[PDB]
């Protein structure tokens, strides 16, 4: 289930973080606008780019924690808060999160792994709601 998926991702975090985020950026290339130096690079170039490594690990280690601290896929208010008032997220609206979660769930469903894909969809849904209740668009 959801709890195990967190352990699965943590076990191989670097690889899952890069592959999922690459799935995200390839599905929605215009989302690169928030990162900038991402454009003009293939998957392999991004995987070796220092900042992409840093960005993806920071996104996914915290994502796993927000997931882990949640109850029945409902995030803590404090976790929604950090995500909203992060200076790095000043350009974001809830739709950016929705798109990340479309890609992530699509990745899990296509994978040769027993992910609880439906829970990650539900978690994405609840996180958008919590982000909006803390202030997004």
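Numbering follows the first chain given and starts at 1.
Which wins on mean Cα temperature factor, 125 to 133 or 16 to 24?
-> Per the PDB entry, the higher value belongs to 125 to 133.
Given 27 to 35 and 61 to 69, the range whose Cα B-factors average higher in the PDB entry = The stretch with the larger average C-alpha B-factor is 27 to 35.
Most elevated Cα B-factor in the entry, residues 98, 43, 79, 54 | Most elevated C-alpha B-factor of the set, per the entry: 54.
So where's residue 74 on the chain's Cα temperature factor ranking, which third?
-> Answer is middle: the recorded C-alpha B-factor places it there.
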